[PDB]
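Chains, contacts and geometry: an overview
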Amino acid sequence: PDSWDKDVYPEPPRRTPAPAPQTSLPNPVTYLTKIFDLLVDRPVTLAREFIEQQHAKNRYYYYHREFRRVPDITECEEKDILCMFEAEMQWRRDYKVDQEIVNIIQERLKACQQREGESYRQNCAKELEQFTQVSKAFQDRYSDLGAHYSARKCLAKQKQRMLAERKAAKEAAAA
Amino acid sequence: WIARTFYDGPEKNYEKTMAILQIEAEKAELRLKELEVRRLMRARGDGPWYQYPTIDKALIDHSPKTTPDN
Ligand SMILES: CCCCCCCCCCCCCCCCC[C@@H](O)O[C@H](CO[C@H](O)CCCCCCCCCCCCCCC)COP(=O)(O)OCC[N+](C)(C)C
């Protein structure tokens, strides 16, 4: 279905074997499938067709909200309450977006685990590395902030991380 | 229908919060300024506050006093 973008949630081509009846014995699976179609799928399809044609007579749209970019906490005055407020709200929205990105990656990993069957250890390497990278970046970003997290606390964490990285790089390069 | 009938848009709450934050920030800075002004005025005494009374100089009698050396 075109409801969701196939690129964001990829699926393999889903190749399936053709039936290969070795004997002439009629299996019950095909008969049960045919009868299930006959007295399940047809009424359901008719009901869905009726509902869809009723929906088509009344067509209206809803819209995704776009948010403008505002100055971050890094260019905010020490006691400017309004700019601090705007930066905090933008940071919260970005945090929610990051959470949903992690959710998407986790969903892809779980789908890979289920689909690949017994060979999941081999055929789900790429998704595992993607999840590892995303999880590491998310942990570096938002982990250990606490219940009363804020843009300023995350900025302080990032500043401390950059200071440690700069000290390590200065020590190693001059060695 | 619920959103249209019972609620408003996010911009209303956003701007109301901004106005409230501005008002409270000005109130806080005014409180700090008032505390500092009170402290300075009481320590020095050169402002209109904490002006304790002194003896009025209009009560002094400026006239010969039966003795030249006052
Ligand atoms: C098929 C339907 C499925 C869904 C059913 C939903 C049921 C909804 C009923 C529950 C209502 C409670 C939620 C909100 C109530 C108060 C909220 C308040 O803000 O709304 C007020 C309006 O609410 C109603 O006036 C009160 C709801 C009461 C109606 C419930 C029906 C049953 C009540 C029983 C009465 C008893 C009668 C006598 C019995 C013998 C005024 O809104 P306002 O602050 O201006 O908003 C300004 C923004 N504007 C400009 C966009 C409008």
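Residues numbered from 1 in each chain as written, not as in the entry; some residues may be left out. Chains lettered and ligands numbered in written order. Part of a larger assembly, values for the part shown. Heavy atoms only, no water.

Judging from the entry metadata, cryo-EM is the method by which this structure was determined, and 3.1 Å is the reported resolution.

The name given to chain B in the PDB entry is NADH dehydrogenase [ubiquinone] 1 beta subcomplex subunit 5, mitochondrial, with Sus scrofa as the source organism. Listed as the entry title in the PDB record is "Membrane arm of deactive state CI from Rotenone dataset".

With the PDB entry as reference, chain A is termed NADH dehydrogenase [ubiquinone] 1 beta subcomplex subunit 10, source organism Sus scrofa.

Notes on the overall build of chain A
Formally: Secondary structure counts use DSSP, requiring at least four H or I residues in a row for a helix and at least two E residues in a row for a strand, with both numbered from the N terminus. For a compact globule the rule gives 2.2 Å times the number of residues to the power 0.38, and the radius of gyration it is set against comes from C-alpha atoms. Classification of residues uses two cut-offs on accessible area relative to the type maximum, computed with a 1.4 Å probe and protein chains only: under 20% is buried, over 50% is exposed, and between them is partly exposed. Contacts are assigned to residue pairs that have any heavy atoms within 4.5 Å of one another. Using a 1.4 Å probe, accessible areas were evaluated by the Shrake-Rupley method; residue-level cover was limited to the displayed protein chains. Counting rule applied: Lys, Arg positive; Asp, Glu negative; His and chain ends not counted. Every charge is mapped to an atom, namely NZ of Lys, CZ of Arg, CG of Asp or CD of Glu.
Secondary structure summary: chain A contains 5 helices and 0 strands in total. Going from N to C terminus, chain A has its helices and strands arranged as α-α-α-α-α. Against the globule reference of 16 Å for 175 residues, chain A gives a C-alpha radius of gyration of 27 Å, more extended than a compact globule. For chain A, the C-alpha atoms occupy an extent of roughly 80 × 55 × 25 Å along the three principal directions. Each of the 175 residues in chain A was classed as buried or not, and the buried ones make up 13%. In chain A, 49% of the contacts between residues at least 6 apart in sequence involve partners at least 24 apart. Counting only carbon and sulfur atoms, one obtains 55% of the accessible surface of chain A, whose full area is about 15700 Å². Where the 30 positive side-chain charges of chain A centre and where its 28 negative ones centre are 1 Å apart.

Describing the interface of chain A and chain B
The line we're drawing: Buried area is calculated as the accessible area (1.4 Å probe) missing from two parts once they are joined, with the contributions of both summed. Note on definitions: salt bridges are taken to be side-chain nitrogens of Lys or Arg within 4 Å of carboxyl oxygens of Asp or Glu. Polar contacts, as used here, are pairs of N or O atoms within 3.5 Å; protein pairs need one atom able to donate a hydrogen and one able to accept it. Residues neighboring in sequence count only if both atoms are side-chain atoms. Under the scheme applied, nonpolar residues are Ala, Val, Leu, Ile, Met, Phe, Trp, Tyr, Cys and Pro; charged residues are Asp, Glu, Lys and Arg; polar residues are all the others, including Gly.
Listed per partner, the contact involves 7 residues of chain A and 7 residues of chain B. Counting the surface lost from both chain A and chain B, the interface buries some 670 Å², and carbon and sulfur atoms represent 76% of this. Contact with chain B buries area across many residues of chain A, yet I81, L82 and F85 of chain A alone supply 67% of it, more than any other trio. Here chain A and chain B share 0 salt bridges between them. Here chain A is connected to chain B by 1 residue pair in polar contact. The class makeup of the residues in the side of chain A that touches chain B is 4 nonpolar, no polar and 3 charged.

Focus on the site of the ligand
As a reminder of what qualifies: Here a residue counts as near a molecule or strand whenever at least one of its heavy atoms sits within 4 Å of it.
Around the ligand, the neighbouring residues are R4, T5, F6, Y7 and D8 of chain B. Classifying every residue of the shell around the ligand by side-chain character gives 2 nonpolar, 1 polar and 2 charged.

Some words on the pattern of salt bridges
All names here are of chain A. Scanning all chains against the criterion turns up 5 salt bridges over all chains. Ionic pairing is found between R69 and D94, a salt bridge with its closest N-O pair at 3.8 Å. With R69 in the loop between α1 (28-56) and α2 (81-115) and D94 in helix α2, the pair connects residues that are 25 residues apart, well separated along the chain.

A short note on the UniProt feature "coiled-coil region" (unreviewed entry) in chain B
Rules: UniProt positions are given in the numbering used here, feature names are shortened, and annotations may be inferred rather than shown by experiment.
Using the residue numbers shown here, the UniProt feature "coiled-coil region" (unreviewed entry) corresponds to residues 11-43 of chain B. Secondary structure across residues 11-43 of chain B divides into 100% helix and 0% strand, with the first and last C-alpha atoms of the span separated by 48 Å.

Looking at helix α2 (residues 10-44) of chain B
In plain terms, the rule: Helix span, expected: 1.5 Å multiplied by one less than the number of residues in the helix.
With 35 residues, α2 of chain B extends 51 Å from end C-alpha to end C-alpha; this agrees with the ideal 51 Å at 1.5 Å per step. Among all positions of α2 of chain B, only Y14, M18 and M41 of chain B are buried. Contact partners of the buried residues in α2 of chain B: α2 of chain A.

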